[PDB]
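Peer 1: Have a look at this one before I ask anything.
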Amino acid sequence: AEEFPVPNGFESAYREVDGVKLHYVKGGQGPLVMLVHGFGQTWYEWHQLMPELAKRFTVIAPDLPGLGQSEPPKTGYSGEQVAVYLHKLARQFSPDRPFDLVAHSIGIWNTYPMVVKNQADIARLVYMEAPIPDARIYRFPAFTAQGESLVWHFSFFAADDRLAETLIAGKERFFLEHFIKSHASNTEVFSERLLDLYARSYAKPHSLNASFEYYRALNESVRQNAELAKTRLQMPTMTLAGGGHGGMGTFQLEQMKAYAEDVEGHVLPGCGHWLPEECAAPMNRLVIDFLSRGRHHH
Amino acid sequence: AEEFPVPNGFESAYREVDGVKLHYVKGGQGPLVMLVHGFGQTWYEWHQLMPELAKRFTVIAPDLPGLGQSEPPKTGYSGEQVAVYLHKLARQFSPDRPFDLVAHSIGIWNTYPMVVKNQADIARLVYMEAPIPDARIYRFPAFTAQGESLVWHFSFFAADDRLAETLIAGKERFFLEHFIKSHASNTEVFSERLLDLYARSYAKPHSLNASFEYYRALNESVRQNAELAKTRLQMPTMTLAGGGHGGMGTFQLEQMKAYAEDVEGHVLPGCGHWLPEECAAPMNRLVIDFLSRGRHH
């Protein structure tokens, strides 16, 4: 059985990486593009982009360790630790040439270290909708004049005593609907059915815990990145962010300018945090065009 | 039936104020001092201070509307609305003389408007461990280099769709122990027995909901106070804050300086948010001494 429907022409499969069984969905032909999902979701957030991208590239979309159908990490949930798994997975499929990387939400946290440490392995980079973990995250407000702030969940999820697991267990669907809609401009794109699918996946006990362990390691990731960022990124990079309610707006590109020498950014009006679903068509177009400036299958 | 044990020589009673039945505990004789508790607690947080103050003052400690044994407010949960109930309650017991006020946590939110609107009724004021609702609250961080921040719960509690009640219902005792200890320096004073008492009170469905309605009204309280703060407080004021884990530190006094002409402040080392329980000896002493500068028994 599969947690999410696999697009025609794609395969659902697994690979062991450093003793951890990673799930991914793969299809297409040509140079490799790895798509990395974020919190509250799985490989499936990429299911609309995948068929289009697969016309020109080999596309792989893994589940992050502990989430979807991937085994939890055996090392830890810090960015540097998780990035090893994703880098080695990509290298299994693209040993002889650099690959492209697209990441959303905590997919950014879990890839930045392997990007900065293995720059020759990364042809082009697309990051969307989340800060790279650094001191900037300590500036986001706890509360706003309009109500709940964007990232108070960083504290909720990082809290000890299994605070988040304990409160959310038995209420996973309820919580995820609130969380998704509070970070969305276009809530309509999230059908009750789609919410059901995502909720059932992250409700698996080890996945509910894994979700929050990423946040429990966030300060460690910030400290790791303080050292890593001494080396700027040199590959062509694009950032995307939502310009509507729930989105990062200008923050995404502005932060990335501090990390990357060669970066272009777009803010998508009318879209929030969940770009692949809220603004599928324009997001897909921007990603496909940016990656197609490089070598690919015709 | 009582949720918490009354100190010897005190009485547990109720007063109807504007159609709302308020619970309070009262004892002593002399000029009136009203003690107003905050979130996660009830009048009981004052139970150690109460007998000491009662040697020189008439002491009243009410339960905030909807919390402890008090009915929910009929108007609303904004500071200005709740302050009416508390001002009227105090004035029933001290109709002809100013009274003293001590408030902790959201007790501050629920008293500030009646202090600024009725300055002649307030002889001396002690505020501890919470911001007065104003624009400064939007500057607190969501996350810190140590972990969870002081006031991320403002967002959690204010969130739509009854987010906090829905998640916390059935898990009130677990949640309260985490919340209290995460905001404490001296966590050891929160025995399982004491936590059981506080949890059973706020787990009453209407109390769990009321708790969060104060936060859902927070932005309204900020808007209210923007107008009220055009007049500085003129009565003697003291602020207390914890200097340990979970405490407000220097913020308490620094904010109060913008509100009060006559203010002295203290930061208590090794103490977090829960001053009456974490640091009873020094906190009680500071409060008794400050209030005893004025007329007492």
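Ordering of the structure tokens sets the chain letters (A, B, ...); residue numbers start at 1 within each chain; ligands are numbered from 1 in the order shown.
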Select residues of chain A: the criterion is any atom within 6 Å of an atom of chain B, counting only C-alpha atoms; output as a PDB file with N, CA, C and O atoms, in the first residue's frame.
Peer 2:
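Produced file result.pdb, reproduced below:
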ATOM      1  N   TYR A 138      15.530  34.287  15.101  1.00  0.00           N
ATOM      2  CA  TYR A 138      15.275  34.777  16.454  1.00  0.00           C
ATOM      3  C   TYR A 138      14.629  36.160  16.446  1.00  0.00           C
ATOM      4  O   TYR A 138      14.339  36.718  17.507  1.00  0.00           O
ATOM      5  N   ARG A 139      14.407  36.707  15.254  1.00  0.00           N
ATOM      6  CA  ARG A 139      13.801  38.030  15.119  1.00  0.00           C
ATOM      7  C   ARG A 139      12.301  37.960  14.856  1.00  0.00           C
ATOM      8  O   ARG A 139      11.603  38.967  14.976  1.00  0.00           O
ATOM      9  N   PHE A 140      11.802  36.798  14.451  1.00  0.00           N
ATOM     10  CA  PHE A 140      10.378  36.671  14.151  1.00  0.00           C
ATOM     11  C   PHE A 140       9.581  36.850  15.437  1.00  0.00           C
ATOM     12  O   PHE A 140       9.980  36.347  16.478  1.00  0.00           O
ATOM     13  N   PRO A 141       8.454  37.576  15.369  1.00  0.00           N
ATOM     14  CA  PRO A 141       7.678  37.865  16.579  1.00  0.00           C
ATOM     15  C   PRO A 141       6.820  36.703  17.091  1.00  0.00           C
ATOM     16  O   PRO A 141       6.352  35.856  16.330  1.00  0.00           O
ATOM     17  N   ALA A 142       6.608  36.692  18.404  1.00  0.00           N
ATOM     18  CA  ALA A 142       5.786  35.689  19.054  1.00  0.00           C
ATOM     19  C   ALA A 142       4.306  35.921  18.799  1.00  0.00           C
ATOM     20  O   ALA A 142       3.507  35.001  18.935  1.00  0.00           O
ATOM     21  N   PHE A 143       3.942  37.157  18.465  1.00  0.00           N
ATOM     22  CA  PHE A 143       2.534  37.540  18.398  1.00  0.00           C
ATOM     23  C   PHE A 143       2.413  38.784  17.533  1.00  0.00           C
ATOM     24  O   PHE A 143       3.370  39.545  17.425  1.00  0.00           O
ATOM     25  N   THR A 144       1.252  38.987  16.914  1.00  0.00           N
ATOM     26  CA  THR A 144       1.062  40.141  16.035  1.00  0.00           C
ATOM     27  C   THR A 144      -0.251  40.842  16.347  1.00  0.00           C
ATOM     28  O   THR A 144      -1.133  40.280  17.009  1.00  0.00           O
ATOM     29  N   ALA A 145      -0.375  42.075  15.870  1.00  0.00           N
ATOM     30  CA  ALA A 145      -1.582  42.863  16.083  1.00  0.00           C
ATOM     31  C   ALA A 145      -2.817  42.286  15.382  1.00  0.00           C
ATOM     32  O   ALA A 145      -3.941  42.735  15.624  1.00  0.00           O
ATOM     33  N   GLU A 148      -2.270  35.314  15.673  1.00  0.00           N
ATOM     34  CA  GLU A 148      -1.116  34.424  15.753  1.00  0.00           C
ATOM     35  C   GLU A 148      -0.057  34.762  14.705  1.00  0.00           C
ATOM     36  O   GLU A 148      -0.374  35.118  13.560  1.00  0.00           O
ATOM     37  N   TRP A 152       5.420  30.916  15.638  1.00  0.00           N
ATOM     38  CA  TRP A 152       5.326  30.510  17.047  1.00  0.00           C
ATOM     39  C   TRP A 152       5.450  28.995  17.206  1.00  0.00           C
ATOM     40  O   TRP A 152       5.868  28.499  18.266  1.00  0.00           O
ATOM     41  N   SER A 155       8.619  27.306  18.686  1.00  0.00           N
ATOM     42  CA  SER A 155       8.676  27.060  20.134  1.00  0.00           C
ATOM     43  C   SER A 155       7.799  25.891  20.566  1.00  0.00           C
ATOM     44  O   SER A 155       8.205  25.068  21.382  1.00  0.00           O
ATOM     45  N   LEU A 167      -0.105  16.764  22.943  1.00  0.00           N
ATOM     46  CA  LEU A 167      -1.315  17.532  22.698  1.00  0.00           C
ATOM     47  C   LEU A 167      -1.954  17.187  21.362  1.00  0.00           C
ATOM     48  O   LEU A 167      -3.177  17.229  21.228  1.00  0.00           O
TER      49      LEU A 167
END
Peer 1: Fewer than 5 positions away in the same chain doesn't count, so skip those; otherwise give me all residues within 9 Å of residue 53 in chain B, counting only C-alpha atoms, as a list in words.
Peer 2: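 Here the qualifying residues turn out to be residues 28, 33, 58, 59, 284, 287, 288 and 291 of chain B.
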Peer 1: Tell me which protein, DNA and RNA residues are within 9 Å of range 5-13 of chain A, counting only C-alpha atoms, leaving out same-chain ones fewer than 5 positions away, and put them as a PyMOL selection string.
Peer 2: chain A and resi 22-28+44+47-48+50-51
Peer 1: Can you write just those residues out, C-alpha atoms, as a PDB file, in the first residue's frame?
Peer 2:
ATOM      1  CA  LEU A  22      14.445   5.860   2.647  1.00  0.00           C
ATOM      2  CA  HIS A  23      11.252   5.982   0.593  1.00  0.00           C
ATOM      3  CA  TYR A  24      11.112   7.928  -2.663  1.00  0.00           C
ATOM      4  CA  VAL A  25       9.074   8.317  -5.828  1.00  0.00           C
ATOM      5  CA  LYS A  26      11.035   8.438  -9.072  1.00  0.00           C
ATOM      6  CA  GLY A  27      10.368   8.918 -12.767  1.00  0.00           C
ATOM      7  CA  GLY A  28      11.639  10.540 -15.937  1.00  0.00           C
ATOM      8  CA  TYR A  44       3.295  14.047  -2.476  1.00  0.00           C
ATOM      9  CA  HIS A  47       3.024  15.276  -7.412  1.00  0.00           C
ATOM     10  CA  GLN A  48       1.813  18.014  -9.794  1.00  0.00           C
ATOM     11  CA  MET A  50       6.758  15.751 -11.076  1.00  0.00           C
ATOM     12  CA  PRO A  51       5.136  14.664 -14.379  1.00  0.00           C
TER      13      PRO A  51
END
Peer 1: Go ahead and compute the interatomic distance for CA of residue 94 in chain B and CA of residue 19 in chain B, in Å to one decimal.
Peer 2: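 CA of residue 94 in chain B sits 20.0 Å away from CA of residue 19 in chain B.
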Peer 1: Which residues, written as a list in words, have at least one atom at most 7 Å from range 270-280 of chain B, with only C-alpha atoms counted and residues fewer than 2 positions away on the same chain left out?
Peer 2: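 So, after excluding close chain neighbours, the residues are residues 45, 46, 129, 183, 184, 185, 186, 189, 242, 243, 244, 245, 246, 247, 268, 282, 283 and 284 of chain B.
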Peer 1: Suppose you want the space between CA of residue 249 in chain A and CA of residue 106 in chain A; what is it in Å?
Peer 2: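 Atom-to-atom, CA of residue 249 in chain A and CA of residue 106 in chain A are spaced 16.9 Å apart.
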Peer 1: Please list as JSON, numbers by chain every residue within 8 Å of range 68-80 of chain B, counting only C-alpha atoms and excluding residues in the same chain fewer than 4 positions away.
Peer 2: {"B": [3, 19, 20, 21, 22, 23, 41, 42, 43, 63, 64, 84, 109, 110, 111, 112, 113, 114, 201, 202, 206, 207, 210, 213, 214, 217, 218, 220, 221, 224]}
